[PDB]
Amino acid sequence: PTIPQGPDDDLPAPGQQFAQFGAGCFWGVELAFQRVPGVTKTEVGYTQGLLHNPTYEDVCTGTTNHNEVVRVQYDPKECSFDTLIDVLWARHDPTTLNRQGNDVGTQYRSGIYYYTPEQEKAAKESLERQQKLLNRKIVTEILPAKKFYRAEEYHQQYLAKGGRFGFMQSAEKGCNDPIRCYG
């Protein structure tokens, strides 16, 4: 109904700003942002769908239309929204519709969900610059941010915790070690 269709009424920490990005399986996407200087908090969850308080099992069915996203809290004085957008372009292929890698489904779609008109404009202009670099058309959706449902704790900072195989991937700021999808 309208609850999940409502806005994100959560307030970030003082002096911080919220940002939301969808770029496929949220594990790798979260790790990418954890390494960005200026990012003070990261968390994965579900949003843009039609089901209130969804579980991972619900989203997995692909019938909720929710997208797996990372909600980022960043300090605008230390990290610009543009820098975050650049991280997005470098973390995934923004030209595949409703899929990322071998993860197929609407819950893996590319998207930038803005909290302000400033973010919307920045996202649209950044997409134009990025597009001139890619052959395929960018399908990333730029829409207003909506209610964010934080995912189960076992999904949070999953790769840094060890991933599927036990090999922890570092979340230290400035780390450029290639991010591996599931572990």
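Position 1 is the first residue in the sequence shown; the rest follow in order.
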Q: With reference to the PDB entry, specify whether the mean Cα temperature factor is higher for 131-139 or for 38-46.
A: 131-139
Q. Given the B-factors recorded for C-alpha atoms, which segment has the greater mean, 57-65 or 145-153?
A. 57-65
Q | Third of chain Cα B-factors occupied by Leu97 | A | middle
Q. Within this chain, which third does the Cα B-factor at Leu84 fall in: lowest, middle or highest?
A. lowest
Q) Once the chain's modelled residues are ordered by C-alpha B factor and cut into thirds, is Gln16 in the lowest, middle or highest one? A) highest
Q. Among the modelled residues of its chain, does the C-alpha B-factor of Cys175 lie in the lowest, middle or highest third?
A. highest
Q. Thinking about Cα B factors across the chain, which third does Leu31 belong to?
A. lowest
